[PDB]
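Asker: Got a structure for you, questions after.
When we count neighbours, we look across all protein chains shown, and the Cβ atoms used for this are built from the backbone with ideal geometry, even at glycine. Taken together, the values in this text are just the output of simple stated rules run on the coordinates, not laboratory data.
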Amino acid sequence: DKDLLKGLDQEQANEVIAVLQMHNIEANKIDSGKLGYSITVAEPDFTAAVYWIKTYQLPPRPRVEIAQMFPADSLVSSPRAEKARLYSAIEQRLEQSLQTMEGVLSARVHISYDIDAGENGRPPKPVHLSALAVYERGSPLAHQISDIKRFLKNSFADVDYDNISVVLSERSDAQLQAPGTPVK
Amino acid sequence: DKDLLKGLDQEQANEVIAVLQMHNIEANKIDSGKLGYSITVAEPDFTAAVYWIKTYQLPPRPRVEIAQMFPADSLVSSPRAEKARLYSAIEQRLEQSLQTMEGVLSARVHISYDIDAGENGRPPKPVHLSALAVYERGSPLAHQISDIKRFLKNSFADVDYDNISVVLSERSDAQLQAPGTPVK
Amino acid sequence: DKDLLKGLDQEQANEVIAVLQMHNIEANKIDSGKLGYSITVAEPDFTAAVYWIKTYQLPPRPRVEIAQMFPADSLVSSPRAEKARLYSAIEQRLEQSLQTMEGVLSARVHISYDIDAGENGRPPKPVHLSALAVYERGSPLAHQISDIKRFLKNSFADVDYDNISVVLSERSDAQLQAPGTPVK
Amino acid sequence: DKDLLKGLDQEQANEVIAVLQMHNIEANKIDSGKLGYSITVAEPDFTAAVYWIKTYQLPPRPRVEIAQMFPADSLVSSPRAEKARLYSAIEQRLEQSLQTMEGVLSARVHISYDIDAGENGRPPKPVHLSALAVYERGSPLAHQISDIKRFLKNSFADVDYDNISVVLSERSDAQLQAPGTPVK
Amino acid sequence: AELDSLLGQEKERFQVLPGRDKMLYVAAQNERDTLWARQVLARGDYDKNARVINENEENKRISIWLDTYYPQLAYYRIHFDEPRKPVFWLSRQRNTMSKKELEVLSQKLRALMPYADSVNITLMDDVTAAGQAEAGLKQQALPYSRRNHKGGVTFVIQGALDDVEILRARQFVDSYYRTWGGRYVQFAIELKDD
Amino acid sequence: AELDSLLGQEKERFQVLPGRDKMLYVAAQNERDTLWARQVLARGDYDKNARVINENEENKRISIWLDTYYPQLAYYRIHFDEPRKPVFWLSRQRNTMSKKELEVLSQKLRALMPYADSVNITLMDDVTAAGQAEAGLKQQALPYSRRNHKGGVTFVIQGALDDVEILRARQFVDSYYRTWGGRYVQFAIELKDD
Amino acid sequence: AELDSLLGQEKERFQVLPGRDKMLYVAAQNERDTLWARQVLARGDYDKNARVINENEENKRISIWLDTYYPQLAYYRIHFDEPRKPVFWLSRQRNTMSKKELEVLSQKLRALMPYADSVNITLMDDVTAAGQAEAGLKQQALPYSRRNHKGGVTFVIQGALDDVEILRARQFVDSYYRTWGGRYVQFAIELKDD
Amino acid sequence: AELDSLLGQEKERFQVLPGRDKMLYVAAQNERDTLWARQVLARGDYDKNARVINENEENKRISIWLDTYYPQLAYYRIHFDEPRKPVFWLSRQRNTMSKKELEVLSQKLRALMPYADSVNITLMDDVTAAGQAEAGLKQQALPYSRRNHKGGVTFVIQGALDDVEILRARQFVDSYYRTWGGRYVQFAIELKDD
């Protein structure tokens, strides 16, 4: 019994555990009520645990979204500040929708953010798209990359298939074995 | 008995359970009253449970809609802020309506959002559409893709059949077996 | 006895039950007074129930109408905000009226929403219409599609028969058998 | 027993320990409640510990982000102050997304910050990108550098492959041995 | 209870078939009442083992088998109108198998289906298969384009189709795909514009 | 308990195979019920040792083996429709091995698979392998381009494809990749524009 | 406890090898379960001494050794599909060593690997090594450029590649680098533009 | 305690060598575990005197010695793959020393290294030293420029290099500098632009 991380969120606790239990060390999530969770590993496993905290940069930051920097708390917002909150909402919605495809487990979608459509007289430049996707195993993984480029194309103003970069991959091998208590 | 996730919404609880029960681990939804639900799995099944929480990125975010970023709480709204709340309401209504088709179970519809119709003197560019659809089994699944492209075409200003990308798929195989309690 | 969904509306309760009872699992609507309804299924039927909650995306959202985003609570409204509340009221009224036709059980009607009639000097573009209709069985189902295109044509400004897309279908086979209690 | 550093954050404590335990000295994280953590090493190991505190410049500064200098606390912000808070949010989101690739453990992404798009009449110059990535061992480490240059290209306005500098590396060898108590 | 009563209240949509392999088979009719009968057999209120066989799933279950042990076999579909004696449609003009090997094929499809008593392989013309798909397709007044191949024919139906010609098509294609399958003639209802 | 009851409630998606090497093998059907059966064997409620073999994983497990001890071997796939007697498809026209060494190959693939009783190596033509992939590809009305090589053929399908031709392709490619594998003919569904 | 039970719950990803040098060797499969097995042997719950040998690390451990005591040796890779009898691929056309010195090489690689019973040095052609890397590279429809040298060949693949040709490449390169190593043919997937 | 247990928990990264000069020598592998083993010997938990010798530091420790008592000696590197019998690479074509003075050189390098039993001075060609550095450098597809000298050769690699050619270079240079040292051929990866 020796602590690693306390005061963690519900997001951060189940992801630090899922790291350590992948690397054959058993974590013990202790709840502390109003303070947040706390993760304690065993004392022989403490050295390897603090290595993978440094290596995977745990505890994770909350998922940075672009609308979190341009909030609705401001009563007045610049026209750049509502295009960047619009484009933030679209790419959140596309990655909510790619996860509802067949085979896809996770998705992260990025938009080329136009800023100066009305600042210099230049017309709006072409929109660029980039998507990740994590698949189940056994997928014909070179063939779903044409569905997503078809789907992401007709979801925007004028994009080309050279402007959509889908970088997808199969998931890791399933962690199903329990780690195992160190005998002392 | 060991907890995974607590403080969950009614949306998020029935979707984390539906993930775990698909992967042969039995979840136990415990209600906590004003705090929200809580999902506890067994102690041998705890390692595999926290893997699929990380893998499927559970608990799910609530469904991001575009009108949630441009609320009616603001007493004054820019003309861009009511076109993006208009187009948000249309694509919510189209996916409420595709689910009422025959065979369709789920639907996600996206609109190309025009922003600068009045900002540069450029006329409004062509509207692009993209729809997902999840079908029952046994469907003639290459033939419903022409109904939806017919239906989505005459629901907007001036779209073409090259601007509507319907990416539909059959549903997964039905999970009907109970998972099974780990004997110890 | 094990709960699935509580705090539901009267709309949402009779539609989650109508899903589950279609798939041979008997739901039990328990009222909770001021909190809303609650649906509990049996414990052997709990696994299949939480699958069809995920699959059909239950509990349903309330029916998104376009006038719900542009309410009458605002004392001043833009001229775009009362055309979109006008066109919302028309398409609600058309689908109240198609349901009063012979054979039609349900209807969803969509309008092409013109936004920039007064924003660029462009004349108003052509109105596009799209209707669903769910019929009783035994209908001559290819022949009612000309009544609705006749009816929807002369209800608007200047539409063509190429701009009205009626996608209609017969209803599902009638669920009349009781599901059946699981014996244990 | 002799102290090195007290009043440390949860971030800083697990990273000073992960340094010292890599260099064969066993650190003992003592919590002090509201004051923060405290790291005490043994008295024979005190000389080598204070050397690696100086050498690795521990305790670490918190991760400097560009939006921390241009906060949302100001009620009015210059148009330069919301482009630099926009570009800060994008590069936080890209490095949240590279960590979700296969093989990548850590990522730091930098953007060329344009400042004077509207200050001199000069058009916006080309965007430059630079990414770090720390991989698992056994990776075909010269081949993932083309995925990231593909992914980072179509996430911005107009970049070239000469403007994206991906400098990636494998991680260090795993620290799994416990350090060992000095016998006296 | 016995499985004729564990199903729904009215019993003729479910044709319970006594098997061969110590097992009992339920012949569901369409896709939805498969999920009615599979729910009985998965909650665990029937003590013996039992399957739910479908007319649409046991076609594409043997087609997994028949694409391995008998490749380059030109066939159409198994019909389960009488599930105890199903009818395996085989192409008359595109096979070289004589009737020496057809009872070898029938006695091996009988081993795949323990509910089946004997599998009647009948040979029909592929000219009428593309004939019934073309005489029916002109009768729906659909503007099509025939693309003949060997082992196949495509009736490409493109163009800016209006409402009733998408509906007359899908009523005909689905009433054709049930009968002749989708292994000889493919209907390509693609929808372009001008 | 014995493993026929430790799995799911209904037992025919899981074909339990008695092994050879003091072990017992579970033949899962698709990728998802592999994760159903691997969860039983990893929580630790079955006392003996047991594996979950898949039709898709035991193809690419022997292909790790067969790329080392028998390189430059032109083959297609092992089929596990009958997992006790699997069928190893081998190319007829691209091998020089006579039947002196084929039972040497079969008795060594039998040593890799303790569930297998005998591995039936059958030789089929590579002309029909690219024939069934081209007669099926014209039947889907897909604009393609054949690129013949020795030991391989590529059907490049480029162009600004619409919605239904991406869907008819992926239904055909996945129904082809299951049968003939992806070692002879590669389908390159790349999607450009004009 | 004995090390077959101190590892994970299911035991076939870990091939425990009895050694020669008073030691016991664990043959992990990929990089991640090396870190599973090294965690057991480093927390200190196994009383004897034990290593975790990898197929990828014991290739580049002997290549440290073999770059010193046998320089200018043209070889490919050791394969650990059977770790008790590994297979050391050697180039047939670029060595001058006769079979007088090959058992001198095998009995010294046997001294490096105490788990190995005998190291089977087999000689294969370098023409097929660049043949299998080119017949496979045209089959992925990749625009490449061959640069022949002695003791090596480079397949430079430049150009503004789209999404699927970066993905078909890395699936092929990684399925090639596992087999033939990266000592004869280098794949230079560099990504320019126009 | 004895020093085989005062080090880390798993003992094969540290090769403890019995010395000659009343002392005991620890052969660390890389730079980081030198700092692991030097920390043991500096906190003072081992009663005898002991050093930590490195493959990289004992090369540049003798090169301090060998630049004084044997100047103008053309050599490459000492290899400590077997630290009890290290191998001192010497240039064959750039020395005038006969084998009268080479055992004079070996018995004086043996006096520098009390862990070494005998130092095997072997003579290798400098043509292959610049040959292995050029055949490997074209195989990485790097645009270089050879500058021949006597007693040295420079492979200047300038130009606006992209990302993968800085990474393929540093993987090759570091895998070359470990073997042949940096005393004959220098790699000048300088990075200009246009």
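Asker: Based on Cα positions only, what radius of gyration and what Dmax would you give for the stretch G:1-53, in angstroms?
Answerer: That works out to 10.1, 28 Å for Rg and Dmax.
Asker: Can you divide the C-alpha Rg of the stretch A:1-109 by 2.2 N^0.38 Å and report the result to two decimal places?
Answerer: 1.42
Asker: Take the Cα pairs of chain E, get the Kirkwood Rh, then feed it into Stokes-Einstein at 20 °C and 1.002 mPa s and tell me D in µm²/s.
Answerer: It diffuses with D of about 113 µm²/s by this estimate.
Asker: Also: Please go through the stretch E:40-138 and write out the GluC sites (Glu not before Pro) that DSSP classes as loop and that have at most 16 other C-beta atoms within 10 Å.
Answerer: Answer by residue number: E:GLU57, E:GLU101.
Asker: Further question on the same structure: In percent, how large is the relative contact order of chain A, given Cα pairs closer than 8 Å and 6 or more residues apart?
Answerer: Dividing the mean separation by the residue count of chain A yields 19 percent.
Asker: How far, in nm to one decimal, is F:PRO143 from itself in the other copies if the label point is set 7 angstrom along Cα toward Cβ? Shortest first, please.
Answerer: Ordered by distance, the counterparts are at 1.9, 1.9, 3.8 nm.
Asker: Once you have the alpha carbon radius of gyration of the stretch E:42-85, what is it after dividing by 2.2 N^0.38 Å, with N set to its residue count?
Answerer: Rounded to two decimals, the normalised Rg is 1.52.
Asker: Tell me, Kirkwood radius of the stretch E:125-194 from alpha-carbon pair distances, in Å?
Answerer: Averaging 1/r across every pair of different Cα atoms and inverting gives 12.3 Å.
Asker: Please sort by residue number the GluC sites (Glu not before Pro) in the stretch C:114-184 whose DSSP state is loop and whose Cβ has at most 12 other Cβ atoms within 10 Å.
Answerer: Here the GluC sites (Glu not before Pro) that fit, given the DSSP loop and packing criteria, are C:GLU136.
Asker: Scattering from the C-alpha atoms of the stretch H:1-111 alone, worked out with Debye: what is log10 I(q)/I(0) at q = 0.17 1/Å?
Answerer: -0.86
Asker: Mind checking the angle between helix H:126-139 and chain H's longest principal axis? C-alpha axes, 0 to 90 degrees, to the nearest 10.
Answerer: Result, in degrees: 70.
Asker: If you line up the long axis of helix F:31-43 against the longest principal axis of chain F, both from Cα atoms, how many degrees apart are they, to the nearest 10?
Answerer: Once rounded, the angle reads 20 degrees.
Asker: Find the all-direction average of the projected area of the Cα convex hull for chain C, expressing the result in square nanometres with one decimal place.
Answerer: The Cα convex hull of chain C, projected and averaged over all directions, gives 14.6 nm².
Asker: Next up: Roughly speaking, what is the centre-to-centre gap between the stretch E:123-179 and the stretch A:27-88 when only Cα atoms are used, to the nearest Å?
Answerer: Computed from Cα coordinates, the inter-centre distance equals 57 Å.
Asker: Which whole-percent values make up P(r) of the stretch C:61-170 when all C-alpha to C-alpha distances are grouped in 10 Å steps starting at zero?
Answerer: For the stretch C:61-170, the pair-distance distribution reads 13, 40, 31, 13, 3, 0.
Asker: Mind checking the mean number of beta-carbon atoms from other chains within 10 Å of the Cβ atoms in A:110-122?
Answerer: Per residue, the average neighbour count from other chains is 6.
Asker: Got the B:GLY118 label distances to the other copies yet, label 7 Å along Cα→Cβ, in nm, shortest first?
Answerer: Listed shortest first, these distances are 0.9, 1.0, 1.9 nm.
Asker: Here is a further query. As I understand it, the dipole of chain D uses +1 on the Cβ of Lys and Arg and -1 on the Cβ of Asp and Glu, about the Cα centre. Which of D:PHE151, D:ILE17, D:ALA72 lies farthest toward its positive end?
Answerer: Positive-end residue among those listed: D:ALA72.
Asker: Now a separate question. What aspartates and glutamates could a cross-link reach from B:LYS34, if we take a straight Cα to Cα line under 14 Å and drop same-chain neighbours fewer than 8 places away?
Answerer: B:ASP9
Asker: Next question, about the same structure. Before rounding to the nearest 500, sum -39500 (n - 2.57) across all DSSP H runs of length at least 4 in chain E and divide by the residue total; then give [θ] at 222 nm in deg cm²/dmol.
Answerer: Value at 222 nm, helices only: -10500 deg cm²/dmol.
Asker: Another question, if that's okay. Checking the table F:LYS108/G:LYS11; A:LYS2/B:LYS54; A:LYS29/H:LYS11; E:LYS108/F:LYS108; D:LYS29/G:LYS11 against a 27 Å threshold on Cα-Cα, which pairs fail?
Answerer: A:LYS29/H:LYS11; E:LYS108/F:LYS108; D:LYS29/G:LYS11
Asker: I would also like to ask the following. For the stretch H:54-124, what does the equivalent ellipsoid look like in terms of its semi-axes, each the square root of 5 times an eigenvalue of the Cα gyration tensor, given largest first in whole Å?
Answerer: Semi-axes, largest first: 18, 13, 12 Å.
Asker: Moving on. So for the stretch B:1-60, considering every pair of alpha-carbon atoms, how many percent are separated by more than 16 Å?
Answerer: When every Cα pair of the stretch B:1-60 is considered, 32 percent fall beyond 16 Å.
Asker: Which GluC sites (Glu not before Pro) in the stretch G:1-34 pass both tests, a DSSP loop state and at most 13 other beta-carbon atoms within 10 Å?
Answerer: Passing both the DSSP loop test and the Cβ count: G:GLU2, G:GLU12.
Asker: Measuring label to label, 7 Å along Cα→Cβ, what does C:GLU82 give against each other copy in nm, shortest first?
Answerer: Output for C:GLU82: 1.0, 2.0, 3.0 nm, nearest copy listed first.
Asker: Under 24 Å Cα-Cα from F:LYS192, which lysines qualify once same-chain neighbours fewer than 8 residues away are excluded?
Answerer: A:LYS125, A:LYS149, A:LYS153, B:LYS125, B:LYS149, B:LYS153, D:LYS149, D:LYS153, E:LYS192, F:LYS138, G:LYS138, G:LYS192
Asker: Would you compute, for the Cα atoms of the stretch B:135-184, the largest minus smallest coordinate along each principal axis and list the three values in descending order, in whole Å?
Answerer: 64, 21, 15
Asker: Now a separate question. Of F:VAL153, F:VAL164, F:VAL119, which is the most mobile in a GNM of chain F whose springs link Cα atoms less than 10 angstrom apart?
Answerer: F:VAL164
Asker: Once Rh for the protein assembly as shown is found with the Kirkwood sum over Cα pairs, what is the Stokes-Einstein diffusion coefficient at 20 °C and 1.002 mPa s, in µm²/s?
Answerer: Roughly 59 µm²/s, to the nearest whole number.
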